[PDB]
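Its first residue numbered 1856, the sequence shown is counted upward by one per residue in the entry's author numbering.
For reference, the structure discussed in these notes is given below.
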Amino acid sequence: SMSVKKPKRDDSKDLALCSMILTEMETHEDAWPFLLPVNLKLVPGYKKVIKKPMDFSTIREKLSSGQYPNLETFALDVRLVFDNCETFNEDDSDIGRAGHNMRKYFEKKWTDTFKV
């Protein structure tokens, strides 16, 4: 509260570390469904069903232009990618399985990097 300061973690490396994590995401072989925005005019349903589209290229642009206030807002956008994927795609499908794989991949890197 006012003039009662909670000891804070060092966040000076967060931008670099998130950029590193995102690079590993972008280069994962199962990243292909997530590299670019879903094409809203070639994919029936998507615009109506998915209220907040998100993809790695959009996250990269936001990270490069100071649009994430903190690391948690970055992780929210990454998770949004996989939450959208689960909403729209069957688990069995190639895209659906890619999403599950990439979520698992991200969350381990997230824990290993920041839950130091």
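Virtual Cβ for every residue (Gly too), placed ideally from N, Cα, C.
May I ask you to report which of helix, strand or coil DSSP gives residue i?
{"i": "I1914", "result": "helix"}
{"i": "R1934", "result": "helix"}
{"i": "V1971", "result": "coil"}
{"i": "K1902", "result": "helix"}
{"i": "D1885", "result": "helix"}
{"i": "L1897", "result": "coil"}
{"i": "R1864", "result": "coil"}
{"i": "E1927", "result": "helix"}
Please state if the CB of residue j and the CB of residue i are separated by a distance shorter than 8 Å.
{"i": "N1956", "j": "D1885", "result": "yes"}
{"i": "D1967", "j": "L1926", "result": "no"}
{"i": "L1877", "j": "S1912", "result": "no"}
{"i": "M1880", "j": "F1961", "result": "yes"}
In terms of alpha-carbon separation, which member of the options lies closest to residue i?
{"i": "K1964", "options": "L1872, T1942, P1862", "result": "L1872"}
{"i": "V1936", "options": "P1892, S1919, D1869", "result": "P1892"}
{"i": "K1970", "options": "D1865, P1908, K1896", "result": "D1865"}
For residue i, count neighbouring C-beta atoms within 10 Å of its own C-beta (all shown protein chains included) and say buried if the count is 16 or more, exposed if not.
{"i": "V1898", "result": "exposed"}
{"i": "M1875", "result": "exposed"}
{"i": "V1859", "result": "exposed"}
So, does the CB of residue i fall closer than 8 Å to a CB anywhere in chain B?
{"i": "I1914", "result": "Among the chains of the structure shown, chain B does not appear; only one protein chain is present."}
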